[PDB]
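The chain below stands alone and is given as structure tokens, in the form deposited in one PDB entry.
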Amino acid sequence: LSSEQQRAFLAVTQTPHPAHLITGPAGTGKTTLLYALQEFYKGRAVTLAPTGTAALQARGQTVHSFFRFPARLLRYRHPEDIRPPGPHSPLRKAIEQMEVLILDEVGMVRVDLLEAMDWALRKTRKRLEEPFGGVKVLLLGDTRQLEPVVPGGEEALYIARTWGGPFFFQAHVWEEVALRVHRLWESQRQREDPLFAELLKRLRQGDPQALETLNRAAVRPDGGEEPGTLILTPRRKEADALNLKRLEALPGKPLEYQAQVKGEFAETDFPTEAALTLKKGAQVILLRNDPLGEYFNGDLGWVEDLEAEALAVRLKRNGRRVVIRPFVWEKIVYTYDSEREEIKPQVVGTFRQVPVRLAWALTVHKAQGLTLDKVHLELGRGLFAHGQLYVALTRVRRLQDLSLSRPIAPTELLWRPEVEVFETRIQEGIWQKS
């Protein structure tokens, strides 16, 4: 509906050039424009996103769940990690007929995921000569929002010598196709609070005086119990503690879903709580996709019935009831063996638990992309990722709806240099690799 939305819709549908990017600050309407691209490209297009919450918000699915990529480092063009589907599988028949791939929240898309989408699309359509196999890809997202996640294994050494960085614009595909950049400026999520919107405009460039304005405006440590509030917190275990304190305020019998952890599985890598106490009405979020498709990762809901090795959840999207059973997680580490310059994956331990965690309080990574009614930001040991603070402050429409526990220190205004070179070289309208 917006002008820059309508002009970005046209610049993307009216030209047959693949590799477009529609970027802009948070709440400018990228994902809403995607809903319009979906109506334009009905049935011709698949909508993907890197995260489960962002995928549901965009009315699509995660990139891994579509291509069936393993949840590990997708080595460059490596047939052990990236594998094309079967000769007459229904996945194959979807890649072949499709012509548009809409990829939302492109900023959280790690370079190895994008480079795997390229190769996977080349091999299945057997156009190994053409980027993305001839699919017209439409990227949407923001690079000043959260960076892609890199675990401290040899994966970070593999990424740093094959791409030199984890961001999607460091993928080697951009040396074969130029990326066309369309920009949105005027904010729509915060169209009601213009000064909140422009406070957030100067915060995304890191204006320090625009931050002391924030610390005296929106600090209400008591902000965590006004009903209708969603608590954002950086670290997962911090969210566990806040979740349980709200959980003890419900008049139901609790169930303790003890996890069967095994092998060398660290506690810091725990997807959900190990003990995971849950009551008959708790607000949960689902962490794994249903092999039958009635629920997905990132699905918010509330418990209705819970039992020994299963429980039922009312999903908030469709208002329907699902029953979840314990999925099994597994930890992958990358070992340098043999004394050859090739690393190889290994599984060192499993974590069998019900794919559920409480969601009175959520991480910030699972909040990116969402429009929330009311948010309280509880800073634990602090901010550790790039764009993590900007994401937590932009989920609301009015400042009135945002709450801080402590005043932010400029200490927490992280920033990557790879992003500034990108944001500077796309001022021309194009990105082809340096």
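Residue numbers here begin at 1 and follow the sequence given. Basically, rigid core = biggest C-alpha set you can superpose within 1.5 Å across the two forms.
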> Which has the higher mean CA temperature factor in the PDB entry, 272-280 or 127-135?
Replying inline: 272-280
>> Quick check on the record: does 338-346 or 293-301 carry the larger mean Cα temperature factor?
In response: 338-346
> From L103, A308, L286, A71, pick the one with the largest CA B-factor in the entry?
Replying inline: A308
>> Comparing recorded Cα B-factors across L179, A218, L146, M117, which one is largest?
In response: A218
> Looking at the C-alpha B-factor of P18, is it in the lowest, middle or highest third of its chain?
Replying inline: middle
> Within this chain, which third does the Cα B-factor at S187 fall in: lowest, middle or highest?
Replying inline: lowest
> Can you tell me which third, lowest, middle or highest, the CA B-factor of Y158 falls into for its chain?
Replying inline: middle
> Compared with the other modelled residues in the chain, in which third is the CA B-factor of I426?
Replying inline: highest
> Split the chain's modelled residues into thirds by Cα B-factor; is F169 in the lowest, middle or highest one?
Replying inline: lowest
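Here the subject shifts to the form deposited in another entry, a form of this protein not shown in this document.
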> In a fit on the core, which one among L73, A120, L278, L139 has a Cα that moves 2 Å or more between the shown form and the other one?
Replying inline: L278
> For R317, is the CA shift between the shown form and the other one at least 2 Å following rigid-core superposition?
Replying inline: yes
>> Checking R381 here: with the core superposed, does its CA move 2 Å or more between the shown form and the other one?
In response: yes
>> Rigid core aligned, does the Cα position of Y158 differ by 2 Å or more between the shown form and the other one?
In response: no
> Quick one: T28 and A58 C-alpha atoms, closer or farther in the other entry compared with this form (3 angstroms or more)?
Replying inline: closer
> Is the CA-CA spacing of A55 and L292 tighter or wider in the other entry than here, given a 3 Å or more change?
Replying inline: closer
